[PDB]
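1. give me the fold of what follows.
(one chain, ligands or ions: 1)
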Amino acid sequence: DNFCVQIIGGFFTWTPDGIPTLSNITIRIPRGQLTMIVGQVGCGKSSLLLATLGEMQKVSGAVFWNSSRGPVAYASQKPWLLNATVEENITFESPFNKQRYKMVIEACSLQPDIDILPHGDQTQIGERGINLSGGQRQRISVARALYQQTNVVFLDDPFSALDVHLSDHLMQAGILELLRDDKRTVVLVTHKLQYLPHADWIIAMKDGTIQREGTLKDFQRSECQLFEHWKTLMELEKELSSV
Ligand SMILES: Nc1ncnc2c1ncn2[C@@H]1O[C@H](COP(=O)(O)OP(=O)(O)OP(=O)(O)O)[C@@H](O)[C@H]1O
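-> Numbering: from 1, shown residues only. The relevant structure is shown in the block below.
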């Protein structure tokens, strides 16, 4: 109805005939809102993101897309980089709009870093080019995710190798401004719980199964231990002829 991705009792294994890495998956992602998946290391957040994309085989349950999935803007936990220039890494087979390109660059704070080095927004990077630092690779992948005119945006820990200032500016200018104005569906896996007030929907995962759902107000009563743990980790209220 008003939700983007629906899973009812989904079972997903990475191996073809192994133990279910994801068990009893139930997910109700709102459309046009920010949904944040939180959990410990290796509890299946990236696996949940890829299971919604069909990258994992399904043992049981059903997956519904009300957007026939359609395109999804995805920023992997390991930042993927093409062999082309920075401009083509950000546009990624899209029409080049200078206004949108500069807006996404200012949202990711990529301008002063592309000012460095032999070329500006035209250096070949990845293979057949100069290597970039992990923050630059991650933010170029995030800029590619933010650039495309896609209603669904999947972000898998954009703040893995980012400091406080760049991650905060990325969170505000990208997620709360560049993605809210066009009402794109943003699913944001993160280990930074300081952005939990900015979450319309929250997914809690624990050992390959999903613990809770809803807003922080729902976490206030049903799961008091997890709510107090979130409070302690950071009252959690929302918001040539010679040649
Ligand atoms: N491509 C893969 N092939 C096989 N097993 C995988 C693969 N990706 C993840 N797994 C397994 O699935 C489980 C959860 O991994 P996943 O990457 O979803 O966790 P995560 O919580 O998102 O990651 P992080 O370690 O960054 O917190 C682990 O047991 C891991 O070994």
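
2. and the protein, which residues reach the ligand?
-> The chain comes close to the ligand at residues 14, 21, 39, 41-47, 77, as judged by Cβ under 6 Å from any ligand atom. (C-beta placed from N, C-alpha, C; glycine too.)

3. among those residues, name the buried ones.
-> Among those, those classed as buried by neighbour count (16 or more other Cβ atoms under 10 Å) are 21, 39, 43-47.

4. quickly find the element holding the residue most central in space within the chain.
-> The centre of the chain sits closest to residue 155, judged by Cα atoms, centre = their mean, with a distance of 0.5 Å. Assigned by DSSP states H and E, residue 155 belongs to strand 152-156.

5. and the helix or strand just after that strand, how far from the chain's centre?
-> For strand 152-156, the following helix or strand on the C-terminal side (DSSP H and E) is helix 164-169. Taking Cα atoms, centre = their mean, to the nearest Å, the mean C-alpha location of helix 164-169 is offset from the chain mean by 16 Å.

6. same question for stretch 14-24.
-> Worked out by Cα atoms, centre = their mean, stretch 14-24 lies 23 Å from the chain centre.

7. can you give the contact residues for it?
-> 9-13, 44, 47-48, 51, 56-57, 59, 208-210 (Cβ atoms under 8 Å, 6 or more residues apart in numbering).

8. cool, and stretch 203-215?
-> 20-28, 35-40, 43-45, 47-48, 199-202, 218-219, 222-223, 226, 238.

9. now list the buried members of these.
-> 20-23, 25, 27-28, 35-39, 43-45, 47-48, 199-202, 219, 223, 226.

10. of those, which belong to strands?
-> 22-23, 25, 27-28, 35-38, 201-202 (DSSP state E).

11. over to residue 6. Which of the three states is it?
-> The three-state assignment at residue 6 reads strand, by DSSP: H, G, I helix; E, B strand; the rest coil.

12. can you give me the strands in the protein?
-> 3-13, 22-30, 34-38, 57-65, 73-75, 152-156, 185-189, 201-206, 209-212.
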